[PDB]
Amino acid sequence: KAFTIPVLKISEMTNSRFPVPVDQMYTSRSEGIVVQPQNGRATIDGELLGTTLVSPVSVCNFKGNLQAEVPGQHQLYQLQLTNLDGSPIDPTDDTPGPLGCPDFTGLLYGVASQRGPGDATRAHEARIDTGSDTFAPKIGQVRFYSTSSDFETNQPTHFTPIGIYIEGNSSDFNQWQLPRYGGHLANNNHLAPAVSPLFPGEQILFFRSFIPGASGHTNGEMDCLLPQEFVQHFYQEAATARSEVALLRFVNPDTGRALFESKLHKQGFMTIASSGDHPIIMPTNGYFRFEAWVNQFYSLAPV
């Protein structure tokens, strides 16, 4: 079975780290930054890594029982998580945390909804601090705060992510700081490895989204390594990787010729020949196409 890429414009791609469309391609030097996201992690021969799931609407969602209001802390609610598909959290799993769990620290803004008893429903805005000491999704312990007290204990509860809340303090959004999946008394394990460009003059090519902000000042930048459609496609195809690097061409369909070329590394990230922090803006109908198997030494024309 031959390796293939799905044919997609940038505007048809889905961010694999937050359930919103990709806005632009982006490259960065990543000065002082360790790139180690756990969502959107898949090898090109079909192995999912980190907390990556294939569903494109599920990343950064939570589901669970509303166990209780945290004693003494009004309108702070303790969830007992399940997995997003309904199966119980199993902390013996070989994952950093539950599939789809946020891979960044910050004030995640969204809506907590309930259905029950019966068909009675209710929903209100909520905030989950993925940087807080007790944020421990690996063992199913997550809390959310809400300005509403209209939540019932022991009813099924879902958290739909919307964006990030900026208070202007230590809790501020850091898309490259992994949470402590087990809370403040446990260390992360089974992480997908960090990635970096190893070849001179190359930088990682990211797929960037500007996610919504709920207060304060932020551009909401969320950079993933692969659009969710590439994850889904490699998962489906599980094609044999004939070399360590798949050479991609970003094709202008109006001319048939290359706009630029990129190296898709087998472990699931792309590099380009570029320098600095800036978007990669192209004609809107451009798409990546698989060109050939090459090695890590292949020299790319700069873009």
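Residue indices: 1-based, along the sequence shown.
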Is it true that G168 goes unbuilt in a third or more of the other compared entries of this protein? yes
With B-factors read from the PDB entry, the higher C-alpha mean of 67-75 and 157-165 is in 67-75
In the PDB record, does 101-109 or 147-155 carry the higher mean Cα temperature factor? 147-155
Which one of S55, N61, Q38, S30 shows the biggest C-alpha B-factor in the PDB entry? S30
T51 by Cα B-factor - lowest, middle or highest third of the modelled chain: lowest
Could you place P117 in the lowest, middle or highest third of its chain by Cα temperature factor, using the values in the record? highest
Split the chain's modelled residues into thirds by Cα B-factor; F207 lands in the lowest
Determine, from the deposited record, the chain-internal third of the Cα B-factor for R180: lowest, middle or highest. lowest
C-alpha B factor of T130, ranked within the chain: lowest, middle or highest third? lowest
